[PDB]
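Colleague: Chains as they are written, first to last, in the deposited numbering: chain A, 1 to 311; chain A', 1 to 311. A prime marks a further copy of an entry chain.
Protein chains: 2
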Amino acid sequence: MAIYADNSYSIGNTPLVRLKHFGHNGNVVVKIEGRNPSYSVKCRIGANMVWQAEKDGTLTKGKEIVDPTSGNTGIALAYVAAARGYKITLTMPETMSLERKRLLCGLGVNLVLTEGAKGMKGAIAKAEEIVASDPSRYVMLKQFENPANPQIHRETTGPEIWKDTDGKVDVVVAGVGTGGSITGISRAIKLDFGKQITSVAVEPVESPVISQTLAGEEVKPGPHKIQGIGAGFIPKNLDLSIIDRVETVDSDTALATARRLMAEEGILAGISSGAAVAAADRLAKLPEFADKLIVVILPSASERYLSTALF
Amino acid sequence: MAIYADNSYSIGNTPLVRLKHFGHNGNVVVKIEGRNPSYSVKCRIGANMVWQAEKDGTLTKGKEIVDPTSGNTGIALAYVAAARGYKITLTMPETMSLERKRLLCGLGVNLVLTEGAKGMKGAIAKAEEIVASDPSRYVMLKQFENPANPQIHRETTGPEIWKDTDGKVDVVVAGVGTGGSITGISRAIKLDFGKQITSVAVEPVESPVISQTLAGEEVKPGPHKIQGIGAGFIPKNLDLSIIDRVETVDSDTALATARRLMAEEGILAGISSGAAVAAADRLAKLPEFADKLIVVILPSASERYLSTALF
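1. Between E115 of chain A' and the rest of its own chain, which residues show a CB-CB distance below 7 Å, the 5 nearest in sequence each way excluded?
2. Whose C-alpha, out of A':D6, A':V176 and A':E303, is nearest the C-alpha of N149 of chain A'?
3. Is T157 of chain A helix, strand or coil when you go by DSSP?
4. Would you report the Cα separation of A269 of chain A' and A78 of chain A', rounded to the nearest angstrom?
5. Please classify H224 of chain A as buried or exposed, where buried requires at least 16 other C-beta atoms within 10 Å of its C-beta.
6. Would you check if the distance between the CB atom of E99 of chain A' and the CB atom of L98 of chain A is smaller than 9 Å?
7. Under a Cβ-count criterion, where at least 16 other Cβ atoms within 10 Å of its own Cβ denotes burial, should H21 of chain A' be classed as buried or exposed?
8. What residues from chain A' crowd round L141 of chain A, counting only those whose CB sits closer than 7 Å?
9. Establish whether the CB of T165 of chain A' and some CB of chain A are separated by less than 9 Å.
10. So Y138 of chain A is in the alpha helix (DSSP H); what residue range does that whole segment cover?
11. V28 of chain A to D281 of chain A, Cα distance in whole Å?
12. So, is the C-beta of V29 of chain A closer than 9 Å to a C-beta in chain A'?
13. Report the three-state DSSP secondary structure of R304 of chain A (helix, strand or coil).
14. Beta carbon of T178 of chain A: closer than 8 Å to some heavy atom of the ligand MN?
15. Rounded to whole angstroms, what's the CA-CA distance from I88 of chain A to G23 of chain A? Just pull it up for me.
16. How many angstroms separate the CA atom of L310 of chain A' from the CA atom of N7 of chain A?
17. Scan the region 44 to 57 of chain A' for residues whose Cβ lies nearer than 8 Å to a Cβ of chain A and list them as they occur along the chain.
18. Identify whether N110 of chain A lies in helix, strand or coil by the three-state DSSP scheme.
19. Can you tell me the Cα-Cα spacing of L261 of chain A' and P135 of chain A', whole angstroms?
20. Interface residues of chain A' around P15 of chain A at Cβ under 7 Å?
21. Count the other C-beta atoms from every protein chain shown that fall within 10 angstroms of the C-beta of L141 of chain A, then say buried if there are 16 or more, exposed otherwise.
22. How far does the beta strand (DSSP E) with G175 of chain A in it reach, from first residue to last?
23. Taking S273 of chain A' as the reference, give the member of A':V202, A':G184, A':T60 and A':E288 with the closest Cα.
24. Verify whether the separation of the beta carbon atoms of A263 of chain A and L107 of chain A' is less than 9 Å.
25. Take every Cβ of the region 242 to 250 of chain A', pair it with every Cβ of the region 188 to 205 of chain A', and state whether three or more of those distances are shorter than 8 Å.
26. Is it buried or exposed for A258 of chain A, if we count other Cβ within 10 angstroms and need 16 for buried?
27. Nearest-angstrom Cα distance between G46 of chain A' and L214 of chain A'?
28. When the Cα atoms are used, what is the spatial distance from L298 of chain A to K195 of chain A?
29. Here's the rule I'm using: 16 or more other beta-carbon atoms within 10 Å means buried, otherwise exposed. How should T156 of chain A be labelled?
30. Examine chain A for any beta-carbon lying closer than 9 Å to the beta-carbon of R282 of chain A', and answer yes or no.
31. What residues are listed by DSSP as bridge partners for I32 of chain A'?
32. Since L77 of chain A is in the alpha helix (DSSP H), which residue starts that stretch and which ends it?
33. Keeping to the same chain, check which residues put their C-beta closer than 6 Å to that of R187 of chain A; ignore five residues upstream and five downstream.
34. May I ask you to report which of helix, strand or coil DSSP gives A201 of chain A?
35. For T248 of chain A', name the three-state secondary structure that DSSP assigns.
36. Under 7 Å Cβ-Cβ, which residues of chain A' neighbour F311 of chain A?
Below you can see the structure in the form of structure tokens.
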């Protein structure tokens, strides 16, 4: 029975592992989203954004996916496009790593390398240009605003946490990129299962736009090394209404924490996994949370970060 | 309930995915062993070899693991040693990739870099030297001969295939490194579940020592690029008695096949996964196997091969 018709259907059912060298008496548990078809949390939204676009007729045989990304979402949409028979063009300029170019090329992406000077702005503008060229042939799935992003987390990630913890989860800590994870999970546990948990968004202290927004302060994004989070704006797919707390973490600490997960826990965590753990560790050691079960999303795996400051 | 006490307990429960561009009418299904704590099939034997050595008293608090390896088994034992609180020294010379040195160092391995000239021979000899230095402090777990290797495959991998296929599996195709996978799986399905499947070992045509042995021909190992299989000898953990067929695959075909799995199936397969699939595809297209369910082990994930001919 349990044979997936293609790799997209195999998303999720990722395990919870209790940490030994973080938290207090095992109150911190991590969900290993690296255990996915293309090795990140984004595999879930790659799958669901394609499936939803199919069900609503925005994606059909012959139409071609376009997206300005080279990160986890790009890899996720690439595997799904390959599995389901879509061409996909990802736009990212020329300054991207040879490794990622090779990985996406390996996955069969039509790579369009924009002007380096234009950076993310260049790549986005170029994605938009190709949709323009034939809007009935190209489709941008728009991870930052597409509801199919948080919805998959509400249907899979959140219920998996509920079931795996026998409903004992008290706190969910998740870094925010698109906001889909924390949103979907929070909706599931709070609204579908009815438990009043503490939802904790994590962002870089270098670019704490959620914290600034909620404090009514000037939004001042900044550069940081915590790949995957800290986009420098509030994404539409972050439901601020379900966020109970925002924890800020600095790049150095996130990196050191990822290294500790590897060397001390034997968990091959990515950089943003280090950020989420450091934030969860801080809450875990406040007496208010010490008899509470804290579940932390670890979005990606270490080997995706070999060229990075992680190593 | 489903919270693992450390990362070692989270091994296995890997998914089966049906291939669309290989076999005949979906008769080829792949088991994605890349979905494991340290991202390979070896995570299972890393876990079980440590657990068994604990239960039999050969591994205790304070004793230190030594092993001459830098591959998947090295990474598996590294994560388990980290998770369970053992020092581990891996011996491999100086000519190994910076990436792997960084990955194992990241996992907290005491790296001992032997003479390059001595290669695998050098590293093995050096491992043995350190055991000699204090045999009550050091332990070599010996993946090629330790029964805890095939046993974990008999208890987990094989039953998972049985359950996931509702006992319809007719053929298992697995490349042979230590031989533990094909051995354990075969024992489970044939002896524990009682079904007379066809067990198919896969080896490089460049180094077809199993085929030569069974034909009573001169054993002539040779170099090849199919990392993980083709050790150039018959390992003790290959139970030749349960092998029904041996299929040979060449390096180029294995590599092209891995690239096809990525680009055409959206499966991030490693090199030996390409070898196993090419062999399974050949059987799948013989009329004798065309109404048979073929299950193929995919031992590792693509990103572990970025520095290699795969890309």
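From the three backbone atoms N, C-alpha and C, an ideal C-beta is built for every residue, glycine too.
Modeller: From the atom records:
1. Closer than 7 Å at Cβ, skipping near neighbours: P93 and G122.
2. Nearest option by C-alpha distance: A':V176.
3. helix
4. 22 Å
5. buried
6. no
7. exposed
8. None at all; the shortest Cβ gap to chain A' is about 16 Å.
9. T165 of chain A' has a beta carbon lying within less than 9 Å of a beta carbon in chain A.
10. No alpha helix (DSSP H) holds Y138 of chain A; the beta strand (DSSP E) holding it covers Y138 to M140.
11. 7 Å
12. yes
13. helix
14. No copy of the ligand MN occurs in the structure displayed, which carries no ligand at all.
15. Answer to the nearest angstrom: the Cα atoms are 42 Å apart.
16. Rounded to the nearest angstrom, the two C-alpha atoms are 20 Å apart.
17. none
18. strand
19. 45 Å
20. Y4 and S10
21. buried
22. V169 to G175
23. A':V202
24. Yes, Cβ-Cβ distance for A263 of chain A and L107 of chain A' is below 9 Å.
25. yes
26. buried
27. 30 Å
28. 22 Å
29. buried
30. no
31. Residue pairing by DSSP places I32 of chain A' opposite A':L298 in a beta bridge.
32. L77 of chain A -> alpha helix (DSSP H) spans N72 to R84.
33. For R187 of chain A, where only same-chain residues beyond five positions count, the Cβ hits under 6 Å are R154.
34. strand
35. strand
36. Near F311 of chain A (Cβ distances below 7 Å), the residues of chain A' are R102 and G106.
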